[PDB]
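What follows is each chain in one-letter form.
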Amino acid sequence: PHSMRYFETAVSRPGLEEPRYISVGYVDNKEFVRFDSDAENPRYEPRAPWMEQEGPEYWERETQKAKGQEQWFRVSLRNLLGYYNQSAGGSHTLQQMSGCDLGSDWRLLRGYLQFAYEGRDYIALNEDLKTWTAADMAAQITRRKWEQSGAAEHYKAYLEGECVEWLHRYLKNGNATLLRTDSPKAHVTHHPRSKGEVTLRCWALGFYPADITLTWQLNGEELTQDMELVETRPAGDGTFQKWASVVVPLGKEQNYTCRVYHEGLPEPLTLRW
Amino acid sequence: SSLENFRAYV
Amino acid sequence: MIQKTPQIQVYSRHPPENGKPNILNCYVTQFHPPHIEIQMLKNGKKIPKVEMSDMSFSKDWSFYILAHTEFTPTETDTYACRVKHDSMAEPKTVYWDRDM
C-alpha cells in the first residue's frame, strides 16, 4: 500500500512568459516536499521532519530539475492552446501526477503517469508503462507524437527505478512517522432535527492516517443509504476528522449504534447516545 | 526524488 | 469554462467550548480553476492574521486548500468563511455550525 507521488501544477499567466509552477511530493499520502514558482527564492523545501536528513546537494538537485519542469510545462501549455484553438488572453492549467506503488510483497506494484488539461483527463500511461491512453482528439495528437518518439521508455525507467529507489529510502528515513497511527477519539452527539425526529452524530477525531470507516446500525443492519457521511477533513495538526449522522425517531435513539474502524484500532469501537 | 519529463512536449 | 464549484466545510480543530481558545478551520475543496479568494469572518468582520495553507490538488484533479485562524467560540459571536471563486457569480458565505 506504500506509495510516492508528485503532483505538479502549471498555471498560465496571460501576458507573461513564465507560468506559475507548483510541485508537491507525497509518500503514503503525506506531503514531504514542495516547490513553488512564486517563492521569493524558488527551491524545493522540506515538508516532513524526516526530510531534514537530506544534505544541501539534494535540495540543489531537486531544485534544478524543477527549473527543467517549468520549461516543459511552459512549452506544453503553449502547444495545448493551439490544439484547442484557445486564446492566450485567458489562464489555463496543466497538471501531472506521477509515482509508484509498492505491494504487500515489497516489489513494485504499479507505476503512474497522468496528465490533465483544465482539470480534465488528457493523456495517461497505461499500467504496462508502454502504451498511452488519450482522453480526446487533442490528446490523440500527443499520443501519436509520443509513440513515435518513444517517451514511454523514459518514464518507465524512472518509474521502475529512481521512483522505487527513493521511496524505499524515504520509507526508511521517516519510518517512525509514516508507519505510526493515532487511533480516533470518538463520541456521539444528540441534536434536534424536526418534529418527532432527532439527529445522532458519530464523531471520529484526531486520527491518522486519514483512512477510516464509520457505520451506523439499526437492529443488526448497517444504515447504508440513510446515513449522512461528511468528507474527511484535516484538523490542521496532521490528524483528521470525520463524522456520520442519522435521523432517528425521538425516543428510539438507544436502538442505534455507531462503529469506528481505523488501523490504529485493533478492535472496532461501538458507541451510542 | 522528482521526475524530469521526456524531451517531447505535449 | 471548465469550472467546478468549491465545497466548503467550516469547523474547529478541537471540540467547541465557549470561552476556551481554539482554531477555526475553513476547508475548501473540489474547485477549479485554482484561483480562489478566502476570508474568515467573526460577526461579519474579517478576522486578522488568518493563515492559508499552500494549495494542492487531489487524485481527481480538483484543488483544495485550508484556511485557519485562532478563535474563541462564544455564546453570541458568529463565525463564517466567505469564498470568492470564478465558478460562482457571487461570493459564498458559510457559517460555522458547532454541531458539524
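### Regarding the overall build of chain A
Each helix and strand in chain A was counted, giving 5 helices and 17 strands. Expected size for 273 residues packed as a compact globule is a radius of gyration near 19 Å; at 23 Å, chain A overshoots this value by more than 25%. Restricting to contacts in chain A with at least 6 residues of sequence separation, those with at least 24 account for 53%.

### A few points about the overall build of chain C
Along the backbone of chain C there are 0 helices and 9 strands. Tracing chain C from N to C terminus, the helices and strands come up as β-β-β-β-β-β-β-β-β. For 100 residues, the compact-globule estimate of 2.2 N^0.38 gives 13 Å, and the C-alpha radius of gyration of chain C, at 14 Å, lies within 12% of that figure. Each principal axis of the C-alpha atoms in chain C carries an extent, and together these give about 45 × 25 × 25 Å. Buried residues in chain C amount to 45% of all 100 residues. Contacts spanning at least 24 positions in sequence make up 60% of the contacts within chain C whose residues lie at least 6 apart. The average position of the 12 basic charges and that of the 12 acidic charges among the side chains of chain C differ by 3 Å.

### Points about the interface of chain B and chain A
Listed by partner, the interface residues are 9 residues for chain B and 29 residues for chain A. Between chain B and chain A, roughly 1800 Å² of surface is buried when both sides are summed, and carbon and sulfur atoms account for 58% of that area. The largest per-residue losses of area from chain B upon contact with chain A belong to B:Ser1, B:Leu3 and B:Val10, which jointly make up 45% of the total buried on that side. The interface formed by chain B and chain A contains 0 salt bridges. Remark: the boundary between chain B and chain A carries 22 residue pairs in polar contact.

### Considerations on the interface of chain A and chain C
Every contact between the two is made by 34 residues of chain A and, on the other side, 24 residues of chain C. Taking both partners together, chain A and chain C bury about 2500 Å²; carbon and sulfur atoms supply 56% of that area. Counting every contact that joins chain A to chain C gives 2 salt bridges. Linking C:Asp54 and A:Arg47 is a salt bridge whose minimum nitrogen-to-oxygen distance equals 2.9 Å. Our enumeration of links across chain A and chain C arrives at 16 residue pairs in polar contact. Within the residue set of the side of chain A that touches chain C, elements represented by two or more residues are strand 1 (2-11), strand 3 (30-36), strand 5 (93-102), strand 6 (108-117), strand 7 (120-125), strand 10 (197-207), strand 14 (233-234) and strand 15 (240-249) of chain A. Among the residues forming the side of chain A that touches chain C, the class breakdown is 12 nonpolar, 11 polar and 11 charged.

### What about the domain arrangement of chain A?
Residues and elements named next belong to chain A. Domain boundaries assigned for chain A yield domain 1 (1-180) and domain 2 (181-270). Each of domain 1 and domain 2 was reduced to a C-alpha centroid, and the two centroids are 36 Å apart. Listed as interface residues are 5 residues of domain 1 and, on the opposing side, 4 residues of domain 2. Across the domain 1/domain 2 interface, buried area totals approximately 360 Å², and carbon plus sulfur atoms make up 30% of it. For the domain 1 face of the interface with domain 2, the top three residues by lost area are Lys 30, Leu 178 and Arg 180, together amounting to 83%. The interface formed by domain 1 and domain 2 contains 1 salt bridge. Residues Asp 182 and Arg 180 are paired through a salt bridge, measuring 2.9 Å at the closest nitrogen-oxygen approach. At the junction of domain 1 and domain 2, the tally comes to 1 residue pair in polar contact. Residue composition of the side of domain 1 that touches domain 2, by class: 2 nonpolar, 1 polar and 2 charged.

### Section: the UniProt feature "domain: Ig-like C1-type" in chain A
In the numbering used here, UniProt assigns the "domain: Ig-like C1-type" feature to residues 184-272 of chain A. A helix fraction of 0% and a strand fraction of 58% characterise residues 184-272 of chain A, whose end C-alpha atoms lie 16 Å from each other.

### Re the sheet that holds strand 12 (residues 221-222) of chain A
Residue and element names in this part refer to chain A. Strand order in this open sheet of 4 strands is 12-11-16-17, and the pairing throughout is antiparallel. Among the strands making up the open sheet, the edge pair consists of strand 12 and strand 17 (269-271). Bridge count for strand 11 (residues 213-218) against strand 16 (residues 256-261) is 6 bridges, and the pairing is antiparallel. Each residue of the ladder has a partner; that of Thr 213, found in strand 16, is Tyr 261.

### Overview of the arrangement of the chains
The chain pair with the greatest number of contacts, out of 2 pairs of chains in contact, is formed by chains A and C. One thing to see here is that chain B and chain C don't touch, and their nearest C-alpha atoms sit 17 Å from each other.

### Examining the state of the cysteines
Within this structure, the stated rule accounts for 2 disulfides over all chains. Residue pairing for A:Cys202: its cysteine sulfur links by disulfide to A:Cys258, the two sulfurs lying 2.0 Å apart. An S-S torsion of about -85 degrees defines the bridge between A:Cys202 and A:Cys258 as left-handed. Here A:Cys258 lies in strand 16 and A:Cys202 lies in strand 10, a separation of 56 residues in the sequence. No difference in accessibility class separates A:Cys202 from A:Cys258, as the two residues are buried. Bridging C:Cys26 to C:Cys81, the disulfide has an S-S length of 2.0 Å. Looking along the S-S bond of the C:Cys26-C:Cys81 disulfide, the torsion reads about -90 degrees, which is the left-handed sense. Highlighted residues: C:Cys26 in strand 2 (residues 22-31) and C:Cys81 in strand 8 (residues 79-84), separated in sequence by 55 residues. By the burial criterion, C:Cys26 is buried, and C:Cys81 matches it.

Reading the values: the criteria
- Residues numbered from 1 in each chain as written, not as in the entry; some residues may be left out.
- Chains lettered and ligands numbered in written order.
- Heavy atoms only, no water.
- Residues with missing side-chain atoms left out of burial classes, pairs and counts.
- Helix = DSSP H or I, 4+ residues; strand = E, 2+ residues; numbered from the N terminus.
- Rg over C-alpha atoms; globule rule 2.2 N^0.38 Å.
- Contact = heavy atoms within 4.5 Å.
- Buried < 20%, exposed > 50% of the residue type's maximum accessible area, 1.4 Å probe, protein only.
- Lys, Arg positive; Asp, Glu negative; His and termini not counted.
- Charge placed at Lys NZ, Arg CZ, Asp CG, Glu CD.
- Buried area = accessible area lost by both parts, 1.4 Å probe.
- Salt bridge = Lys/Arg side-chain N within 4 Å of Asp/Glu carboxyl O.
- Polar contact = N/O pair within 3.5 Å; in protein donor to acceptor, adjacent residues only side chain to side chain.
- Nonpolar A, V, L, I, M, F, W, Y, C, P; charged D, E, K, R; others polar.
- Domains from an automatic or database assignment.
- UniProt positions renumbered as here; feature names shortened; annotations may be inferred.
- Pairing = 2+ DSSP bridges.
- Disulfide = S-S within 2.5 Å.

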